[PDB]
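Given next, in structure tokens, is a single chain: the form deposited without the ligand.
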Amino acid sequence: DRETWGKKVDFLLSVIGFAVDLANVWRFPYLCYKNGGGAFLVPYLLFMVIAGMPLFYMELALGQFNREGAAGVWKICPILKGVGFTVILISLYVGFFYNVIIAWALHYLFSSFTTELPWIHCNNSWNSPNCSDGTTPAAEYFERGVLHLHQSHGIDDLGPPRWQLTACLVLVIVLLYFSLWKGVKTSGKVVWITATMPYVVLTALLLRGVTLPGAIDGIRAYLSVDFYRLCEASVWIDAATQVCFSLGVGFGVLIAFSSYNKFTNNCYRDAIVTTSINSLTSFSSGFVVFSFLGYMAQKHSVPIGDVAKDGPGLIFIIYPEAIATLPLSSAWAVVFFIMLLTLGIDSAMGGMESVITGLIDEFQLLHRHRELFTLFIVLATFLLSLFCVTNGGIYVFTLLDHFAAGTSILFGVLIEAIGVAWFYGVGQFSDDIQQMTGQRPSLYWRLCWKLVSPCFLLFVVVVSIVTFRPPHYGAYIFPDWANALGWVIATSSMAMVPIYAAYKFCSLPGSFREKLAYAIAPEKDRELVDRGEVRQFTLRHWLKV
């Protein structure tokens, strides 16, 4: 009685909605433009084929077979149960700050319901004497009339929270609570709108932007192969990092979503379809951004390089600046901000569902008490998200975005891959998959699970640690204690594995050998362990593909 999905289309839509987030539609086209373009697809496709698909398949299959949450699937290796807490903490940390972009989108949407947009000129009370008519009026409106950033001196001078953004945060929190309090029976029908509206808005945006003058010259700059940029060891690193960070792995959301699936459904086809859709969405959406950027560059007589920005300064400054020059600008602004709002609401409920399912599956007291636990979680998230709505909240946002999910997601994914493929065994995993579906994975999948994925993940982790630069916002330089706090957050997320491993080893009874045997063997093999035969205590178990 684990409350399976109402329909199968509810699962696919939920996964697609979680995967497609705000960063999906701007990061990949910019990365393609920077690293050649067209030729950048070769490292991306190679790394994707050899790393991303096997990890997606492994997560889906593990979640579906074990019928539990992120921390409950570790009855196959009891000593490695800390990685579930690690991924839950990562999701909580990301959600602590991902709910402020949606508040900004709500603020802009409410402000766009007028016959004269407030960011078209600088004659208001929030504009400095020097102006473009000197920073542009759009940027001045964004970071001087909305954020009120000019009243802060850094992360050590924050100030009281702003009520105009606190109201939007409250609205977002109320929507999040009422979209998740009854489980997946109601959460699977919400995604019928939020996972399909972005495509409807993007089609109209592309149709409008294609006809703009100079949009073709912005598209040619997007798809122009080089093939001589593959000789530099910066394109491959960027491709590997993008492959690692573009999938939904490392959060525990996929395991939680799969735990509600039927036992005998086919997860291979589902993984293939979801991955194909997620990868095609970014490539397709790259056609609108660069058409608009080419239109703007032709308007200002400047190269596209100086126009193509990144981060929150693109969708809140650059995009609502070309719209104001279009006929019927208010309607276009309204639909654009509706799309922005609906594109990151299903990536914030997926993370919350991951946390809630993972914590409920462990303690049985929080069973049938689903509304109260959800209320407590959303209240805690709202309380801890009040730091980013102050005068200097953009600094806290930048710090959290830099340190919350990075070098820890890769660590958790590598640990879980090692646990699944080495401690448990690829043979047992293949037998379980053959038990669920009707067919056994081939040699390619087992080889990728055992050898290629761990080495790739370890190389990515090492290159992420070695090449590290502190965050910044404009000309501001963060102090030392901010970097110390970021490192403390990252290490606190990552340090769940050793502490739980030590506690588990110390709690078990007996001598060293019995403790080890009960700690590394699956809970389903308890009879064999009691009899005295352990699979892991042999040479042939670790050298088997």
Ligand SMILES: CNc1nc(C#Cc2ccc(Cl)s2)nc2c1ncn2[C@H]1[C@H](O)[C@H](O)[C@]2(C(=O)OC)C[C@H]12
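Heads up: residue numbers just count along the shown sequence, starting at 1.
There is another form of the same protein, the form deposited with the ligand bound; it is not shown, and what comes next is about it.
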Seen with the ligand overlaid from its pose in the deposited complex, and using a 2.4 Å cut-off to backbone or C-beta atoms, this pocket is blocked
Answer key, the ligand contact in the deposited complex at 4.5 Å (heavy atoms) among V426, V289, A417, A239: the residue is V289
Of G145, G214, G311, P118, the only residue with a heavy atom within 4.5 Å of the ligand in the deposited complex is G311
Original post:
Is every one of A61, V184 and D431 in contact with the ligand in the deposited complex, taking contact as a heavy atom within 4.5 Å?
Top reply: no
ask   = Applying a 4.5 Å heavy atom distance criterion, does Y518 contact the ligand in the deposited complex?
value = no
### Query
Though only this chain appears here, would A322 touch the ligand in the deposited complex if you measure heavy atom gaps against 4.5 Å?
no
Test of understanding: in the deposited complex, would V529 fall inside 4.5 Å of the ligand by heavy atoms?
no
_Taking the ligand as it sits in the deposited complex, is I101 near enough to touch it, meaning that at least one heavy atom pair lies within 4.5 angstroms?_
yes
Residues in 334 to 356 that come within 4.5 Å of the ligand in the deposited complex by at least one heavy atom, in order, are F336, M339
